[PDB]
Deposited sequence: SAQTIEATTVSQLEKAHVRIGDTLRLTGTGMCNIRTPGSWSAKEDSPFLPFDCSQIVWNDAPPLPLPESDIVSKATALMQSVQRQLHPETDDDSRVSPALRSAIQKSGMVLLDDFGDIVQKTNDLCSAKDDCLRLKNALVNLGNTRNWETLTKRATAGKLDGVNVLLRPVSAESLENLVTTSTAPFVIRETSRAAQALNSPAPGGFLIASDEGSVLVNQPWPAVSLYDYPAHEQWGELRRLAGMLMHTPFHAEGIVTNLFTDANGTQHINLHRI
């Protein structure tokens, strides 16, 4: 005979030995299933819950990403400031000359060397810095920079050139974040054995978390990392609720019990 099963831990649901036709009411803390490339929390799918007592996986971390962020911020700090090592009288005069000031060219070269370390990285960007720096090649520039012979030194750009350089830092760092974002996503998709995978027949979302303003990949590359990290922050160990009748049930090789639920 069919029964109603109420369970709040993985153990309780295992002890209940569910069958097809049973009615489950399930509330616990678990993880939303993550899909490799419709659904609000893309790439997570919270119509499917991975429920088991293996400790949750760690949030994404990358030092490449923070190197990329350092570079983009040093450039933004200098192209669009709002307070600038330099004397105020000098500051106003440069603005009146129709020009833009980098007051720490040395930091930008170091940050670029930091991220684009491998000899064939970001050649457009290194060439732009070389021309700004009045050297012959990138490698002299990096040493003078790393030496400390460029700290606080002042470079001036026509505004069209400064726009182009900001976009150049932008387009060159994007592939770094895109890779690391991708790498992090795959590291989030490592499934423990045992436990359950609870899926909603009608594709019902099964968590109560705020829906995201826009999908993760409508974001610009550098902010995709930030959002994926946020999405994982609230969806890898979230309270969930799932109730309905069991319409299918199967224990895979790994010992995970897949359960499909149709609500009432």
Unmodelled ranges, which are counted on the deposited sequence from position 1 and given in order: 38-44, 91-93
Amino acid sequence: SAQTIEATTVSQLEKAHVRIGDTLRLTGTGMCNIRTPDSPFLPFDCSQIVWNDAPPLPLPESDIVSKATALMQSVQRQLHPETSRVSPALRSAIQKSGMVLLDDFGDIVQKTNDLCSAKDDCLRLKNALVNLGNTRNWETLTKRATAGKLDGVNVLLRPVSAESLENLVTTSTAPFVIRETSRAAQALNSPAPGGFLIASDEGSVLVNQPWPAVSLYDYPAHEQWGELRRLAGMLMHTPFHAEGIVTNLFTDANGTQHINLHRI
From here on, numbers count along this sequence of modelled residues.
Selected stretch [higher average CA B-factor]: 147-155 or 127-135: 147-155
Of 38-46 and 198-206, the one with larger mean CA B-factor: 38-46
Chain third (lowest, middle, highest) by recorded CA B-factor, residue given as residue 7: middle
Residue 117, C-alpha B-factor rank within chain (lowest, middle or highest third): highest
Residue 180 - Cα temperature factor, lowest/middle/highest third of chain: lowest
Ranked against its chain, the third holding the CA B-factor of residue 59: middle
Cα B factor band for residue 88 (lowest, middle or highest third within the chain): highest
